[PDB]
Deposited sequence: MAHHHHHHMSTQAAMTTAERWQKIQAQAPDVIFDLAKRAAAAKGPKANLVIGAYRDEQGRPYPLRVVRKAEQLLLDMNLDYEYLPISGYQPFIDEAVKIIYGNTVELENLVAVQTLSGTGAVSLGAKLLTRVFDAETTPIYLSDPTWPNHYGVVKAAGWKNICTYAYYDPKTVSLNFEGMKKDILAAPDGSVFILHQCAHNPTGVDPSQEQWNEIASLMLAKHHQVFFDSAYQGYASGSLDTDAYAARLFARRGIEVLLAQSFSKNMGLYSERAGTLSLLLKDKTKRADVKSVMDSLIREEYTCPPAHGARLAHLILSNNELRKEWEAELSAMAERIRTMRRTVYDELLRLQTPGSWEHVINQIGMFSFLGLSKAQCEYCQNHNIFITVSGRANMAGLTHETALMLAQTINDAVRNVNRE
């Protein structure tokens, strides 16, 4: 058998649904709205490097830094500042830099196979969730992937009774992947009181909590407010594993800046956990890229840049709210059948519109690129495309 014959037999894999549709949207001719990937655009619909990031790039260049290898764990000042934005002592936690949020979810999922039997232990995702959760957790070796009830499309709200039921029905010592805020795709989060109840269930059932924190800042417009869940779980004594991204809230999508952190009381065990994290990193990519981490560190740590960043993120969230309102008002003007309050009540970057698969296909075929599940990036809208979206929905629904 020749190598060519072996390669002949390789099994193709389907394209990533989201990235492929973004490609289609980017390639489309004529008036259009590319509303696929949750990336922020400005008032004119332009890609938007943050002003604080522009400043940071110059400040970094002026430092005449070298390009020597980071430690396997990454750039420590970045790790330290990043963990502080989520939790508000660093001796209680063990953390490394990761290839953004995705890399954190992967490394965490892998790490967890050292403490749970991933051949049989259920790992739970929300219904619905970020599609890549399935693929990441499966690649990390999880054979038993389950769901918890979360969203109820008929009422555009949480099916909280169902979620609780599923948490309690799970065998003791299961892993639950929770969105820390700005649930993707639904834009509906537990209330603070619901979070309290969820923490008590996780404790009572001895479940492992794994937070995915990709949009801190975008639920409320405030980083502090949006960290409510992770901080509550910490106060409760939960051994929180958390995957953090700076892609969306700092707009460093291309630079892949994230962390993975675990809360754990015992100092010796924290060292042991760090040694496993490092072995997993070393055997995949040796050490992480510095540029994203260095940009983020300088913004988080410089007093002026840090204040400027928070105000910029707040303004970005406000612009999303104006877009929701522009879409909603137009749906009302056109008298589009159904209720549309979820457009203005959902938070984060998206609306999860509730259209049928055929209706979403219709939108896409009329150059309004929302997903087949009905998710629309509100942060990708301008005034003009906000009206186009509403008008296309109106046609799709009738």
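- In this chain, the deposited residues that lack C-alpha positions fall in the ranges 1-14, 103-105, 416-420.
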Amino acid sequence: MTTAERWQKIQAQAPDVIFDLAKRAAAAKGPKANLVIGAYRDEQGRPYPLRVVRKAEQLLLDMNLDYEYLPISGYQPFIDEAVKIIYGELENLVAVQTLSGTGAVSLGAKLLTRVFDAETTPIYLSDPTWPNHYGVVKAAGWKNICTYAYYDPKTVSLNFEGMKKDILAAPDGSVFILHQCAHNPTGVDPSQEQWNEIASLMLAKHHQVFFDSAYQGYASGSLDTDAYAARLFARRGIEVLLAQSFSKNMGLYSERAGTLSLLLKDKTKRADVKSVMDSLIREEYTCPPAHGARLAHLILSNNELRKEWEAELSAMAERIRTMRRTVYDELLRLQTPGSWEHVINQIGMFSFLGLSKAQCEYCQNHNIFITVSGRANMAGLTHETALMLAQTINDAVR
From here on, numbers count along this sequence of modelled residues.
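- Higher average CA B factor: 90-98, of the stretches 277-285 and 90-98.
- Look at the C-alpha B-factors of 12-20 and of 372-380. On average they run higher in 12-20.
- Comparing the listed residues 291, 324, 110, 270, the entry records the largest Cα B-factor for 270.
- Highest C-alpha temperature factor among 298, 252, 242, 264, as the PDB entry reports it: 264.
- Placement of the Cα temperature factor of residue 206 within the chain: highest third of the modelled residues, per the deposited record.
- The PDB entry assigns residue 248 a C-alpha temperature factor belonging to the lowest third of its chain's modelled residues.
- Per-chain ranking of the deposited C-alpha B factor places residue 151 in the highest third.
- Sorting the modelled residues of the chain by their CA temperature factor places residue 234 in the middle third.
- Remark: residue 212 belongs to the lowest third of its chain, ranked by C-alpha B-factor as recorded.
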